[PDB]
Amino acid sequence: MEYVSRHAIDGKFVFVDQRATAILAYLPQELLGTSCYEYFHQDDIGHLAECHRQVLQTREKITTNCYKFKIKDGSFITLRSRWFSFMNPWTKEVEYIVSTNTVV
Ligand SMILES: CCc1ccc(OC[C@@H](F)CO)c2occc12
């Protein structure tokens, strides 16, 4: 049903939990360090980038629209994600975003 990923503030995968493989067929090392945008269907990039701009400016859960994500075999699956951007309480800077990614 769902898996969790962590992203740098630019959208790069920096952590992928073990549930990702059963869902996307990628092992973690095929995603880590790559840009989330490389996997989006080009019809979804616009609204996903809009959520990107918004999750960086608030601590409230951002929920994406549905969007398509390219899996290892080239096909696309439909996801919906819940994002929380975490701010270092000391430095006051956002160090990563935690994305819970739900199938269809
Ligand atoms: C850096 C904020 C962020 C987190 C997660 C994203 O997508 C997750 C998918 F790649 C997994 O299905 C994002 O997309 C654009 C910005 C973005």
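Residues numbered from 1 in each chain as written, not as in the entry; some residues may be left out. Heavy atoms only, no water.

Going by the header, the method for this PDB entry is X-ray crystallography, and the resolution given is 2.16 Å.

Q: Let's hear about the overall build of the chain: which residues, and what values?
A: Looking only at helices and strands, one finds 2 helices and 6 strands in the chain. From first element to last, N terminus to C terminus, the chain shows the α and β order β-β-α-α-β-β-β-β. Since a compact globule built from 104 residues should have a radius of gyration of about 13 Å, the 13 Å found for the chain is in line with a globular shape. A total of 104 residues make up the chain; the buried ones form 38% of that total. For the chain, contacts bridging at least 24 residues in sequence account for 41% of all contacts bridging at least 6. Looking at the chain as shown, the accessible area adds up to about 6,100 Å², and 56% of this sits on carbon and sulfur atoms. For the chain, the distance from the average position of its 12 positive side-chain charges to the average position of its 12 negative side-chain charges is 4 Å. (Helix = DSSP H or I, 4+ residues; strand = E, 2+ residues; numbered from the N terminus. Rg over C-alpha atoms; globule rule 2.2 N^0.38 Å. Buried < 20%, exposed > 50% of the residue type's maximum accessible area, 1.4 Å probe, protein only. Contact = heavy atoms within 4.5 Å. Areas by Shrake-Rupley, 256 points an atom, 1.4 Å probe, with all protein chains shown as cover. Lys, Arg positive; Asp, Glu negative; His and termini not counted. Charge placed at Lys NZ, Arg CZ, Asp CG, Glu CD.)

Q: Please give an account of the site of the ligand that cites residues and values.
A: Residues in close proximity to the ligand total 16 residues, the closest being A8, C36, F40, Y67 and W83. Note that an oxygen atom of the ligand is positioned 3.0 Å from one of the side-chain N or O atoms of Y67. Those elements that provide at least two residues to the shell around the ligand are β1 (2–7), β4 (67–70), β5 (76–87) and β6 (94–103). For the shell around the ligand, the element with the most residues is β6, which contributes 3 residues. Residue composition of the shell around the ligand, grouped by class: 11 nonpolar, 5 polar and no charged. (Near = heavy atom within 4 Å. Polar contact = N/O pair within 3.5 Å; in protein donor to acceptor, adjacent residues only side chain to side chain. Nonpolar A, V, L, I, M, F, W, Y, C, P; charged D, E, K, R; others polar.)

Q: So what's going on with the packing of aromatic side chains? Residues and values would help.
A: Inspection of the entire model under this criterion finds 8 aromatic pairs. For the pair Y37 and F40, a centre-to-centre distance of 5.4 Å together with 80° between the ring planes defines the contact as edge-to-face. By relative accessible area, which is 12% here, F40 ends up buried. Grouped by ring-pair contacts, the aromatic residues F13, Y26, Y37, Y39, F40, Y67 and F69 constitute a single cluster. The cationic tip of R6 hangs over the ring face of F15; the distance from NZ or CZ to the ring centre is 4.6 Å. In this arrangement the basic side chain of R6 is found over the ring face of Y96, its NZ or CZ atom lying 6.0 Å from the centre. (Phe/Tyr/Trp six-rings, centres within 6.5 Å; stacked < 30°, edge-to-face > 60°. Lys NZ or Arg CZ within 6 Å of the ring centre and 35° of its normal.)

Q: Describe in detail the side chain of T34, supporting the description with residues and values.
A: Within the secondary structure layout, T34 lies in the loop between α1 (19–24) and α2 (45–55). With sequence-adjacent residues up to four places away left out, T34 is seen in contact with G11, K12, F13 and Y39.

Q: So what about the environment of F86? Which residues, and what values?
A: Examined against the element boundaries, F86 turns out to sit in strand β5. Judged by its relative accessible area of 36%, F86 falls in the partly exposed class. Taking the C-alpha atoms as reference, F86 lies 9.9 Å from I9; in sequence the two are 77 residues apart.

Q: Now, about the pattern of salt bridges: what can you tell me, with residues and values included?
A: Taken as a whole and assessed by the stated rule, the structure comprises 5 salt bridges. Notably, a salt bridge pairs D17 with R19, separated by 3.1 Å at the nearest N-O pair. For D17, a relative accessible area of 11% gives the class buried. Members of the salt-bridge network, linked through shared partners, are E2, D17, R19 and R82. (Salt bridge = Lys/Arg side-chain N within 4 Å of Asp/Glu carboxyl O.)

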